[PDB]
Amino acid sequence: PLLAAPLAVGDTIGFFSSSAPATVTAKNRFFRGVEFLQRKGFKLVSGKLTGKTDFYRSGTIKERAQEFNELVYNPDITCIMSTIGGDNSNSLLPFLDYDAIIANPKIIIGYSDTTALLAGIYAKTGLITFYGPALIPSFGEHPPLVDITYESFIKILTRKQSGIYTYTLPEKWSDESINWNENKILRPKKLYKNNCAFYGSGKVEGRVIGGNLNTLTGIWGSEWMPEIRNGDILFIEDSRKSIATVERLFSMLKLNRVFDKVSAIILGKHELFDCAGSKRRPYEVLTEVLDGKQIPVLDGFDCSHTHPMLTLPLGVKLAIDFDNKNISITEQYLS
């Protein structure tokens, strides 16, 4: 695969708004995120649509593609980071400068709607992109959880590429929709013990593919959707969905023969899942959809909309040890 240069303390991070104009609509949280990374020693380059609004989005399709492309053209930038997701990143895909991405590989990082770009860029270029922090939701998070997010971010992107990397498990996590865009917290978030579960036995090693599942529907069937292959590990997460929507998306995967191919599934923790009073969890819904197909599942990986968030390279081999309850990166993902 195509690999970007690793991150280092003091590097320049460029940010872009490929969908929701949250540098305006969540300006306080944005400023907190900016200050957080600056105090860590990073230099920041603001994308050209920072501070702009086109109602539900940061700008036109072409304006947003231009914003992203301009960061790719900047030789000083090591990391290109999403400000926030939304709904509309998939629009940009016909207009991204893929040749420039290949010529100037950089760390591309974000999550949620930005999945369209992460997956699309990988499909077109083979570049290993990252499911991880977006500036506003991830680094604008109040302490204590932001520190754990940062620890993963800096560890994954700066570590020496020697031997496997085994993930730490966050001690506590939260998904509460509070403390969003103000100077002070209203009150501390509920801190849940980590209830991540490893359903299965032995070790499964394979290329990880996926991201935000709802977002994948916007690129599905196109040349920008990476082909899922035999032996892949499917990584999927969703946010604030009804159980009805979760069944729909799982069945979509079933119909597409995804569950005939993959050797394991990683479910990211689902932020504020709405069970409609059924008290069922997404894993139970997946089990029904699977219809007896035995696939080992890591249920509740901390790489999703919940806090804290781990950083995950997409398109490289992972090993999930279901016996020892851990997950590792086993393939080089940066230069």
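Throughout, we count residues from 1 along the sequence that is shown.
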Q. 164-172 versus 133-141: which one carries the higher mean Cα B factor per the record?
A. 164-172
Q: May I ask you to compare 146-154 and 100-108 by their mean CA B factor in the entry and name the higher one?
A: 100-108
Q | Highest-ranked of 306, 58, 294, 28 once sorted by CA temperature factor in the record | A | 294
Q: Specify which of 273, 68, 42, 301 carries the largest Cα B factor in the deposited PDB entry.
A: 42
**Q.** Record-listed C-alpha B factor of residue 264: chain third
**A.** middle
Q) Split the chain's modelled residues into thirds by Cα B-factor; is residue 186 in the lowest, middle or highest one? A) highest
Q) What third of its chain, lowest, middle or highest, does the C-alpha temperature factor of residue 258 fall into? A) middle
Q) If you rank every modelled residue in this chain by C-alpha B factor, which third holds residue 232: lowest, middle or highest? A) middle
Q | B-factor third for the C-alpha atom of residue 193 within its chain | A | highest
